[PDB]
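One chain comes next, on its own, written out as structure tokens in the form deposited in one PDB entry.
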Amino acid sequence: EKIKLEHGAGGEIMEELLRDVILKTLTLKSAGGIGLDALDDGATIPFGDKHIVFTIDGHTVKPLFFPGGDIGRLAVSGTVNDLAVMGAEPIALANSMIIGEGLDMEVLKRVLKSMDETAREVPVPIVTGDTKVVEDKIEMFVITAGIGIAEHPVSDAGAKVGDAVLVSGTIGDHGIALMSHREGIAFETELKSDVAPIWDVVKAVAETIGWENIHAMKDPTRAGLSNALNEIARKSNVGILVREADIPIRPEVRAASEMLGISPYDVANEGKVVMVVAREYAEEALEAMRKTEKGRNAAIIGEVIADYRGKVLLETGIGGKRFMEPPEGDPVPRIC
């Protein structure tokens, strides 16, 4: 048996590898809070009356620079976002770089400058790092770890029947923008990735409704909105009913996705949060998101239900329903 590209594609195939190989081989998996067996966006560790949150992502996106972002902005954003969706204020990042021999020095400078600019948006410092250079023809991989502090960690397993399901903005932008760039699809301008840190969006909701009323979050990265909704449903042992017409999709993204033959629900987003909130606080949460720039296109897209546990239903027309199927993998190679 061999490792396949699908094992790195964020869908069912990767999930099976994590359950059957990673979780079964590693034995020391928790430091006292949310640990590896939870397979959540990060881990938590009790510290005083708060919690340290710890997360890591490798970044292998191609090309290194793309419309709306680059591997540097992605490395900072993705790790800040995994902290944010655990309910953690980012306090420090670590920057590992693995660089291909022969890369132009200006490319490294540009990636670093983008990392710094993006970090400054949060704000969060890059306090430690590492540099390796290999003869392999890889250009560059960037691996960021993050530490945050949460007063009240938010899991991906806390959804409750009756809760509202929100997304912080348009769906499909990153993956569709990336594929469009590769394929020479563009409109008046090129479609831009949404890659950005969204701690500001999460914090805005928390300050409005309180952490206790945010029941679940995930950032819909590899394998998309569909993967994120299916995982929350599965982990929370609930069904999720989504009204398809309420999912925000940029018109240019819809058009390009049609031309590409790719579902915008199944591709990574890089500047979004899926949030599940107490029913009575749904409108306040939505308003809090929409008051921010990065959450300006936020929408309530569905609700948590007691049946179809572990499944996601898509409602269309005047009431019809079908399943939103979780992808076997993100269909966009090297999306991340």
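Each form is matched to the other, and the largest set of C-alpha atoms that superpose within 1.5 Å is called the rigid core. Residues carry their position along the shown sequence, with the first being 1.
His59 is built in all of the other entries compared, counting only those with both neighbours built, so it is not a gap in a third. For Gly310, the record comparison shows coordinates present in all the other entries of this protein that model its neighbours, with no third of them leaving it out. When the mean C-alpha temperature factors of 34-42 and 307-315 are read from the deposited coordinates, 307-315 comes out higher. The stretch 232-240 shows the higher mean C-alpha B-factor when 232-240 is compared against 137-145 in the entry. Reading the B-factor column for the CA atoms of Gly68, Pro63, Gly271, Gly48 in the entry, the top value corresponds to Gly48.
Out of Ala119, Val161, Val154, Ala84, the entry records its largest CA B-factor for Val161. Per-chain ranking of the deposited C-alpha B factor places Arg222 in the lowest third.
Ranked by Cα temperature factor within the chain, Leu28 sits in the lowest third according to the deposited record. In the deposited entry, the Cα temperature factor of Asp173 sits in the bottom third of values across the chain's modelled residues. Looking at the C-alpha B-factors along this chain, the one for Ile209 belongs to the highest third. Compared with the other modelled residues of the chain, the Cα B-factor recorded for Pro197 ranks in the lowest third.
There is another form of this protein, the form deposited in another entry, and it is not shown here; the text below is about that form.
Superposed on the rigid core, the two forms differ between the shown form and the other one by 2 Å or more at the C-alpha of one listed residue only; from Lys50, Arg279, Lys311, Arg290 that residue is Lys50. Figure legend: C-alpha atoms of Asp330 and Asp70, shown here, are separated by at least 3 angstroms more in the other entry. Between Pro251 and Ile318, the Cα distance is smaller in the other entry than in this structure, by no less than 3 angstroms.
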